[PDB]
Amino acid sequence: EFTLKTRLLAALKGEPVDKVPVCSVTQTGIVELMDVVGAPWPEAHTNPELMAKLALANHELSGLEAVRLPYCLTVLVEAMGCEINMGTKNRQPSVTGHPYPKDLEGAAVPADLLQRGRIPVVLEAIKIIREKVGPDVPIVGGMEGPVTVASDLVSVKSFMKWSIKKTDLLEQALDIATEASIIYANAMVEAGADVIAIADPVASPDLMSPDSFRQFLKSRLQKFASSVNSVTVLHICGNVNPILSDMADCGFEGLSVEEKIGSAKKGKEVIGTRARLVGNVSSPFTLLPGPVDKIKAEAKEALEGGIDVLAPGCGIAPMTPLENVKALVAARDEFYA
């Protein structure tokens, strides 16, 4: 007698379950569903009712066993003072202006952070989702993680340069970013999110050295996971093998990883008992192009490999067909006959 909610939480914590849940902890907005239910980007980023409507659509039509919102990695950084290009129907919002590119004078978490930007759109959409689906479906709150938030406060160019030349500034930014991150994450929990999933691409070995991850980044990610009042998941895009074992020490229940790093079996060997593994079906090379049977085959492989929560490896590409998302769920059902 698991519910979708109780199973997800049990899975992520490593407690026994009847079967692996199938859902996404990464963004679920797809153009096919934007068209069906009339909730296109960018308006689905700015209006809580359309945000709700599109999230629910990739639950109710796809069979993914959670509702995930929002669709972008800019809500918090914008509330922190970044300027955002809101993008288009298939191009996600992106940061164009950084509030503290040359120094951190005056940089703080604003006392009224939660009223700023689109924070109130996300909190309201969570409440709308909860009211519609009820207590037995889990709500995953997505956000940019503290490394990426720090990098957006100061520009990635300043962030990289300070990492070598002004580590005090690097650390001050990381500290403000972590504080803001915890505040927003807890707000999503208070609004009704069951899992907080952070996406922190700047922490990737593709952008920051593994040595820098261990020296500066790990401690902030540890502080986040410890201070946030829910089950959490850490997603770091890219070739994360050189830090996978360090990720597993950060205190997140789950780690969300891309197909790129190898098999689920291999990932489980690295992380051991320290965290669970969420993933890993390739968003750009399997889920987006299909075909359906290739998605089911790679799903099956992750399940056999011991994945804890079957999911896309990264955010779903916006042009992913609905039937390709449904092929994930079908693979899971098939595994259990």
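When you see a residue number, it is the position in the sequence shown, counting from 1.
* Averaging C-alpha B-factors over each stretch, which comes out higher, 106-114 or 136-144? -> If you average the C-alpha B-factors of 106-114 and of 136-144, the larger mean comes out for 106-114.
* Looking at the deposited entry, does 250-258 or 158-166 carry the larger mean Cα B-factor? -> Mean B over CA atoms: larger for 158-166.
* Just grab whichever of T74, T178, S209, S151 has the top CA B-factor as deposited. => Among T74, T178, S209, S151, the highest C-alpha B-factor in the entry belongs to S209.
* **CA B-factor ranking of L303, expressed as a third of its chain** => Ranked within chain, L303 CA B lands in the lowest tercile.
* **Assigned third (lowest, middle, highest) for the C-alpha B factor of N58** => For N58, whose C-alpha B-factor we compare with every modelled residue in the chain, the answer is the highest third.
* Cα B factor band for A331 (lowest, middle or highest third within the chain) -> Middle third - that is where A331 ends up once the chain's C-alpha B-factors are sorted.
* Can you tell me which third, lowest, middle or highest, the CA B-factor of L8 falls into for its chain? -> Its C-alpha B-factor, which the entry lists for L8, ranks in the lowest third among residues of this chain.
* For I129, return the chain-relative third of its C-alpha B-factor as stated in the PDB record: lowest, middle or highest. => Tercile = middle for this residue's CA B-factor.
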